[PDB]
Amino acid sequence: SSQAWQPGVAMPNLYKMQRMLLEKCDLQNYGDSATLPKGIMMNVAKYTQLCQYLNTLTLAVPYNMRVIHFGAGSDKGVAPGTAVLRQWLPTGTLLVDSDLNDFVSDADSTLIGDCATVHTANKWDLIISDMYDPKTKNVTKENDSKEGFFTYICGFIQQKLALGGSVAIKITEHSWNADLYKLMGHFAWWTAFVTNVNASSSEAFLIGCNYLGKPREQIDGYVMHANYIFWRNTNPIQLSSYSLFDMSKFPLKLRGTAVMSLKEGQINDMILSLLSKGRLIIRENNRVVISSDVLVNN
């Protein structure tokens, strides 16, 4: 396990190609904890390792990058994950975050409420989600695909993610969704990434890299989650905080990726190849306008 010096472990491709059936997740290292640097929160360590892993992918990084972060509030009313995102993203990146519960944040703008009430005019370059319903962990009923906020997230990707943009959506054994997995086949590449600090958990980030807007491969979401649980069940990941101690190359690299506005008919195989390589963002570059729907009642 030279893995212990990585920020985390990504799901090996051979496990993606299987056709396992869904088993209960039973982690060898369940209940172990990494020892975090003195006074560092789990959410900071976890988002640091997530960003460190994302530094190894072909993310599009345009001028005036647009990032939206769902599920950003904590139980103590602050946003540690957003603070790591602000640190990671180029200076001047527009960062919007959201959560159901009130919190104070370093994001450029914050919307409070259920994510289904969030609307944006513009498209986004990177979508981060930490949303998780703890009710979902019912060990005594079958583990089926969940909707709730996952329905919103799939729609939000399809309608408001720029071509070439990327996503990282937290899942767990029971918090997952078959359509989101199927959507992973609409990116040039995808994985399930497990941070080394939280490797005793069944959580992973489903990462879609460079959105293409069409199916590149057909993915059965029920099979793929079973594949993910199988991988986790048979591949104990040693908890580790090693990567947290070397931040010298943390910032997301400014690539100045080109932004173009294009209609659906002029996205050829050549544009698709540019999208696939992290060299092109397709969206308009108007003003960023967001809103939260408010239901009025007595």
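Numbering starts at 1 and follows the sequence shown.
Chemist: Look over 120-128 and 136-144 in the entry and identify the one with the greater average Cα temperature factor.
Modeler: The stretch with the larger average C-alpha B-factor is 136-144.
Chemist: Should the higher mean CA B-factor in the entry be assigned to 53-61 or to 263-271?
Modeler: The stretch with the larger mean CA B-factor is 263-271.
Chemist: Highest Cα temperature factor in the entry, among the options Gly213, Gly155, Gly81, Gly221: which one is it?
Modeler: Going by the entry's C-alpha B-factors, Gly213 comes out highest.
Chemist: Please rank the C-alpha B-factors of the chain's modelled residues and tell me whether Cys115 sits in the lowest, middle or highest third.
Modeler: Its C-alpha B-factor belongs to the middle third of this chain's values.
Chemist: Sorting by Cα B-factor within the chain, modelled residues only, which third would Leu100 end up in: lowest, middle or highest?
Modeler: Ranked within chain, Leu100 CA B lands in the highest tercile.
Chemist: If you rank every modelled residue in this chain by C-alpha B factor, which third holds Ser33: lowest, middle or highest?
Modeler: For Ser33, the deposited C-alpha B-factor lands in the highest third.
Chemist: Hey, what third does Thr48 fall into on Cα B-factor, ranked over its chain?
Modeler: It falls in the bottom third of the chain.
Chemist: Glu173's Cα B-factor: lowest, middle or highest third of the chain?
Modeler: It falls in the middle third of the chain.
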